[PDB]
Structure formats: C-alpha cells, structure tokens
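Report on the structure given below.
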Amino acid sequence: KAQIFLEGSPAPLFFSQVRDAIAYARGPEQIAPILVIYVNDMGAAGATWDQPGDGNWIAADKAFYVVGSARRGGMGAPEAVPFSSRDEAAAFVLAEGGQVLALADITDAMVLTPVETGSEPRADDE
C-alpha cells in the first residue's frame with residue numbers, strides 16, 4: 001500500500017497500488033509538494049496492485065527503490081518497487097530488476113528512456 005503526505009496539506013493521499021501513489025508523488029501531486037511518502041513494504045514482486053501481502057510500513061522517500069529494466073514498463077507504465085531493505089531490492093535486480101536507487105535519487109532516465117541514445121542515467125552509475 002502507498003500513501004503520500006503533502007507539505008501544507010493536512011491530508012494524505014492513500015492508494016492500494018504503491019506504483020500508482022508513488023507515481024502521483026513524482027508529478028501529479030498537485031497542489032502541494034510531497035513532504036513524506038509512507039508505503040507498506042510489500043512487495044514484493046510486485047507490488048502490484050495486488051500485492052504480495054502485507055507488510056511493513058516505511059517512508060518510501062527515505063527508502064530503496066528498484067527500477068526494473070527487464071520487466072517494468074518501460075514502454076508502458078513503469079512500476080517502482082520500493083523496499084526498506086536494500087538487499088531485497090538488489091535481489092530483485094538479481095532476478096530481473098534494473099537499478100537500485102533511493103527516492104531522493106530517482107532519475108527519469110532510469111525509469112524511462114527517451115531514445116536511449118545513451119545517455120548515462122545518472123552518471124553512468126548505476
């Protein structure tokens with residue numbers, strides 16, 4: 001599950017779909033900036049809307065994110081798997097995943113490719 005708390009706004013935006021709410025936090029937020037986002041670490045795998053089940057509650061903005069290069073959206077709607085444990089996010093990359101970065105370190109280049117043209121994601125970093 002995902003929920004974002006906006007700065008200045010006394011109300012948090014909660015959604016079952018982590019990927020959906022975290023997407024909102026990256027743009028559609030609207031009127032007020034995101035102060036902190038809390039997610040129920042579950043996921044695995046998905047984090048699908050369906051989710052894996054329950055989980056742990058963590059601050060996603062202060063957590064590890066894995067952007068899947070092998071399976072994700074890429075061309076479509078990319079989904080971010082936010083985890084409290086880095087090694088879990090890394091394990092996701094071990095199977096498929098892509099890059100493990102923090103919410104504070106989320107770059108668009110990793111989540112979506114313009115043309116690919118090659119540019120380095122963050123810095124060739126990751």
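Residue numbers start at 1 in each chain; chains themselves are named A, B, ... in the order of the structure tokens; ligands are numbered from 1 in the order shown.
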* To do: Could you give me, as number ranges by chain, the residues within 12 Å of residue A:76, counting only C-alpha atoms and dropping anything in the same chain fewer than 6 positions from it?
  => A: 111-113
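The residue set within 7 Å of residue A:47, counting only C-alpha atoms and dropping same-chain residues fewer than 4 places from it, reads residues 18, 42, 43, 51, 52 and 81 of chain A.
From atom CA of residue A:1 back to atom CA of residue A:16, the distance works out to 4.5 Å.
DSSP annotation of chain A from backbone atoms: alpha helix (DSSP H) residues are residues 18, 19, 20, 21, 22, 23, 24, 25, 86, 87, 88, 89, 90, 91, 92, 93, 94, 95, 108, 109, 110 and 111 of chain A.
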* Asked: Neighbours of residue A:60 within 7 Å (only C-alpha atoms; same-chain residues fewer than 3 positions away dropped), as a PyMOL selection string?
  -> chain A and resi 37-39+63+82+103
Those selected residues, please, written with N, CA and C atoms and delivered as a compact mmCIF listing (two decimals), in the first residue's frame.
# COMPACT_ATOMS: atom_id res chain seq x y z
N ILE A 37 6.42 10.37 1.96
CA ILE A 37 5.56 9.30 1.49
C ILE A 37 5.80 8.04 2.30
N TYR A 38 4.73 7.43 2.75
CA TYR A 38 4.82 6.19 3.51
C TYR A 38 4.23 5.07 2.69
N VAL A 39 4.92 3.96 2.63
CA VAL A 39 4.43 2.81 1.90
C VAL A 39 4.48 1.58 2.77
N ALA A 63 13.68 5.51 1.35
CA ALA A 63 13.82 4.07 1.21
C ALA A 63 14.49 3.71 -0.10
N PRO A 82 9.45 -0.16 -4.17
CA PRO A 82 10.07 0.45 -3.00
C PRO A 82 10.24 -0.54 -1.85
N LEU A 103 14.63 7.17 -3.34
CA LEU A 103 13.62 8.07 -3.86
C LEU A 103 14.23 9.44 -4.11
* To do: Find the spatial neighbours of stretch 66-71 of chain A, counting only C-alpha atoms, within a cut-off of 12 Å - ignore same-chain residues fewer than 2 positions away - and output them as a VMD selection string.
  => chain A and resid 19 43 to 47 60 63 to 64 73 to 103 105 to 113 121 126
* **Picked from chain A by DSSP as strand (DSSP E), as JSON, numbers by chain** => {"A": [2, 3, 4, 5, 6, 12, 13, 14, 15, 34, 35, 36, 37, 38, 39, 40, 41, 56, 57, 58, 59, 64, 65, 66, 67, 68, 80, 81, 82, 83, 98, 99, 100, 101, 102]}
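Atom CA of residue A:8 to atom CA of residue A:33 spans 7.9 Å [interatomic distance, one decimal].
Note that the spacing between atom CA of residue A:115 and atom CA of residue A:72 amounts to 16.8 Å.
Residue nearest residue A:56, chosen from A:3, A:119, A:40, A:9 and counting only C-alpha atoms: A:40.
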